[PDB]
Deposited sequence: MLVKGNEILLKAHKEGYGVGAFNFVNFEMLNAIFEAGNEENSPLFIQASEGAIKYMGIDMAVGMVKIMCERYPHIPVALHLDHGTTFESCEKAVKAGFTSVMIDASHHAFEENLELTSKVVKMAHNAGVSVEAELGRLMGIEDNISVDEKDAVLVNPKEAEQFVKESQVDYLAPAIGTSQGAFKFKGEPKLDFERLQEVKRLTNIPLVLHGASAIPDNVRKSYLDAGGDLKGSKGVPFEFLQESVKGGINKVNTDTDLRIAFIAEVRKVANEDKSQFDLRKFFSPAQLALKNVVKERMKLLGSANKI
């Protein structure tokens, strides 16, 4: 069922596994994510960015997820506002029915980040909603700051900057993350931690995309082994979007290329859903949330 984000992530925290947090922008993405969770017996974090909310309308974002939760009532599901940029945005999400909200104030100095995060936490906790915040920038997280930040804000989960970035072009050269910083943050905070920019761009997905005429010039994601290492270090929420988009659009491009007469939307989007679903299923197995319901 639809539950507070902490319900899912406190379990992952105590049992030492990662829960993928999968972005969606429409029905096809959401359906494929849910079918993956059903097939792998995995809890689900479903997340929508501010741009996704603008595209769908917040009423449709929440409404579609509630329909899907009722279709699969045995699956723990949290609905999460990804990268909220203002208090008002987080408050709108709480009022619409999100069960987790993130406030990204990491571009501010410690004191202002803490102040704004604490304001969001007070509002969200009063409504029974869990909160994510972010600390560090690509300087990276100061683990002693993270300790005090969590103690004072009462935030439920923290995204500490350890070297990732969003999108398909994460590393100019070889992938590298600061796992020692991660472990120190985990030791001092003892809460669930969040990894942003965690797409892997797997080889099969990249190939599917390029074969269909797409270009991913110099793309590089987080290797599978780094994702496993981050879970071993205490990451419990693993934000994943780019991998889903590439796998989905590769199949759309393929249909467009191979039948110029095809205009049935379902003939484009059924194979796209399948490819997205498979990415999610594999990721749930990799992160350790499979068979955890």
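- Stretch of the deposited sequence lacking C-alpha coordinates, numbered from 1: 139 to 152 only.
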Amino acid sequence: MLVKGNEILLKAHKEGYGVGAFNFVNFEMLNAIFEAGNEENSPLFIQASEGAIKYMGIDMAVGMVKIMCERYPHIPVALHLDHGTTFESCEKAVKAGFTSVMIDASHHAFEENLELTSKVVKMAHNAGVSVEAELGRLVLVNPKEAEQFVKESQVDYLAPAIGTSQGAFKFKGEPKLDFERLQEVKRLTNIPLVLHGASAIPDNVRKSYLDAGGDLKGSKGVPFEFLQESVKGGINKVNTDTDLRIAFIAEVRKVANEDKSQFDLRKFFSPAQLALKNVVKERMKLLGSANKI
From here on, numbers count along this sequence of modelled residues.
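- Comparing the deposited coordinates for 257 to 265 and 234 to 242, the stretch with the larger average C-alpha B-factor is 257 to 265.
- According to the PDB record, 221 to 229 carries the higher mean C-alpha B-factor of the two stretches 221 to 229 and 37 to 45.
- Sorting 92, 80, 196, 172 by the CA temperature factor given in the entry leaves 172 at the top.
- When the C-alpha B-factors of 164, 85, 118, 130 are read from the PDB record, the largest value belongs to 164.
- In this PDB entry, residue 72 carries a Cα temperature factor that places it within the middle third of its chain's modelled residues.
- When the CA B factors of the chain's modelled residues are split into thirds, the value for residue 192 lands in the lowest one.
- Among the modelled residues of the chain, residue 157 sits in the lowest third by CA temperature factor in this PDB entry.
- For residue 142, the recorded CA temperature factor ranks within the middle third of the chain's modelled residues.
- The PDB entry assigns residue 149 a C-alpha temperature factor belonging to the middle third of its chain's modelled residues.
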